[PDB]
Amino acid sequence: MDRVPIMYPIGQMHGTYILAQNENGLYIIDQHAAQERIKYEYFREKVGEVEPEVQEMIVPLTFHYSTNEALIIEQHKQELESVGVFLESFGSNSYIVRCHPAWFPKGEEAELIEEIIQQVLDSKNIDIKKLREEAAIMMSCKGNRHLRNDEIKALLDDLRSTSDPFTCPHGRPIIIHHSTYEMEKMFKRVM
């Protein structure tokens, strides 16, 4: 797939669409879809990394489980480990977490860790590929402003760098393009 060429901001509208252009023509961009594409690939890359920078917690977290649940979790300890969940056995069906990747959404670590662990519970069986995918989604969730052109330019540069600037992880188009040729044809003035 050809990489989209550098795009330059024209402006925005309604805190919803970005208007940009280059020599090729006009780009109309759903700014929310763009942000989702950018965020997903960021976290998906992160969770794939082999040795993240870890952050010890001021206060260690605790989690307690049934004999059924703790057992599911036990087989999948490798998987959870790779997604940034560092469980430490303290007793029967119980776990402690003292640290996490530094790139976890700040201040929502505990919620995230529980949700990841919950995912493994609900499926009973699951592999790294699907878990890493689910985890990056949950991370992208963590939390209509009208963007200035400097913020727009930053977003466009970031979008260009992703593996798919045209369609978001959930199937939404991100970009609608009218080439200069297409624009001339639509106005029928010079063609």
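Counting begins at 1, following the sequence as shown.
J.: Can you let me know which of the two, 156-164 or 128-136, has the higher average C-alpha B-factor in the entry?
T.: According to the entry, 128-136 carries the higher average C-alpha B-factor.
J.: Comparing 103-111 with 75-83, where is the mean C-alpha B-factor higher?
T.: Per the PDB entry, the higher value belongs to 75-83.
J.: For the listed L147, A34, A70, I28, which has the peak Cα B-factor recorded in the PDB entry?
T.: Comparing C-alpha B-factors across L147, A34, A70, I28, the top value belongs to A70.
J.: State the tercile, meaning the lowest, middle or highest third, of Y42 with respect to the CA B-factors recorded for its chain.
T.: Tercile = middle for this residue's CA B-factor.
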